[PDB]
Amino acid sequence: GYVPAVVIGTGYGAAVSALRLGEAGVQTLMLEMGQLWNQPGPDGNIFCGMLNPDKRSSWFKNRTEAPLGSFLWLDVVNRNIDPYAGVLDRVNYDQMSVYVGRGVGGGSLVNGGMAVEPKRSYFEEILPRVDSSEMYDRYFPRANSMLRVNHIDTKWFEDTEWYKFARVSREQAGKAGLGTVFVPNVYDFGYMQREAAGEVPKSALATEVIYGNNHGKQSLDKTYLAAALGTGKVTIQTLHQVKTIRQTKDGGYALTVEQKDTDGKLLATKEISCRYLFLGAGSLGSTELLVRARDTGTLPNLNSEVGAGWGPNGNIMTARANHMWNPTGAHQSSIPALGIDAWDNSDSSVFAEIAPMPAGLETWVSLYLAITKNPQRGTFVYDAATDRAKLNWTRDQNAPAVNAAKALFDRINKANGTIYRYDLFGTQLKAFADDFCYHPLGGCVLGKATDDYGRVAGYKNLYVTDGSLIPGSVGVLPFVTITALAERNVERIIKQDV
């Protein structure tokens, strides 16, 4: 049928947009291709954990996979599975694998909950056309509060076995003159203290994160989307994937939408039309829809910047072997609490998450997800033969990211007399994983493919709201930036356009 506003997807940009539209009295339909994660599964839990992956762990794969960094210990629990509408999608491109959430809440279902604002001077570097005082004075605070960001108790952190891994890396970095920072989170840290005391069901302390948290993590279905539904003006239809977008003869937008079951069988194809269309399908999904629409002629006025400017937030994974006297613990909370902040906006910049490992025995390994400043960008190019947007990114384009991560961790190895691990990512000696991404940024960059509020160039009442807006890098964990940017954008759009 027809509904005044449609939002595609239910991640960060989508959830902020639909809440504010509903509060403005605009009837709003969200279309999500994944599930509403609320049905107990065969173990009585909604989500599977990392030591017992099953079909819920994976979007249409026929075998489970180990979390990156942990194949040596967790391959033993991998199993063949039926392709199913599970929660984590590894999207393979030619020389890059991008990991994204699939379900009501998008990546908030599978991420580490880490909520960090970017460095103001870096924000000003990457988005010079955006007024940074309103961002820091109004929209970042608004996002932190609605997201339910909270802070770990420092005495509990210092004492608990569950964060020994973090303290070991803090000590080791400290000998190289590098400091750490506490990272705020949407995982309830009071709940986490109660897990460790045996008082409530464990989640972070029971090796859950990347296939969802059965407790503790305030994902978007609990914060923005719950509020959006509370407005009485928002509905969410799941297992509905938007395939094409066109501008209707009489105005507005029309969508073809496929409804599938959790086995991926096509149940129905529907046409849905609207006056205002908001894309929050993610860096990959929103960019694919628009490149497809441009190159198949359904949104012929889209510009040449649609598709461009993609980068993996400089993501590189690496690991260090600790001395035998520095064990990292068999019990590691699955929610990171500390990062190494060596980000000064120069090309040597690194902000590195001190990542837990789920093996559950002592391995002496310290794992890091480094965020780096690498100018290289890729482009999504539409392939009409398979009807897919392919990412034009090559592995050598991550050499600057690898070099910055290695120069930082080389300092730590030099100060401590330690070496890298070389065997965590595959048979060949490879200390740096350079062909994955958890933080895809770009494809519909703010001010290039769109105006400075995400209005798609060439079109009226057509908006992009999510990580595709960000120009490839934010120098920290990205979802607080995506949320705040979306707060700024939908407020303006409702005021001037709706």
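Residue numbers here begin at 1 and follow the sequence given.
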Compare the mean C-alpha B-factor of 280-288 with that of 320-328 as given in the PDB entry, and name the stretch with the higher value.
320-328
Per the record, averaged over C-alpha atoms, which has the higher B-factor: 388-396 or 84-92?
388-396
From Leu225, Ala355, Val209, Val130, which pick has the Cα B-factor that tops the rest in the entry?
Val130
So if I compare the CA B-factors in the entry for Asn301, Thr160, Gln259, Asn111, which one is the largest?
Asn301
What third of its chain's C-alpha B-factors does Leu429 belong to: lowest, middle or highest?
highest
According to the PDB entry, is the CA B factor of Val498 in the bottom, middle or top third of its chain, that is, lowest, middle or highest?
highest
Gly34: CA temperature factor from the record, placed by chain third, in the lowest
Modelled-residue ranking by C-alpha temperature factor, third containing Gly25:
highest
Among the chain's modelled residues, which third holds the C-alpha B-factor of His240?
lowest
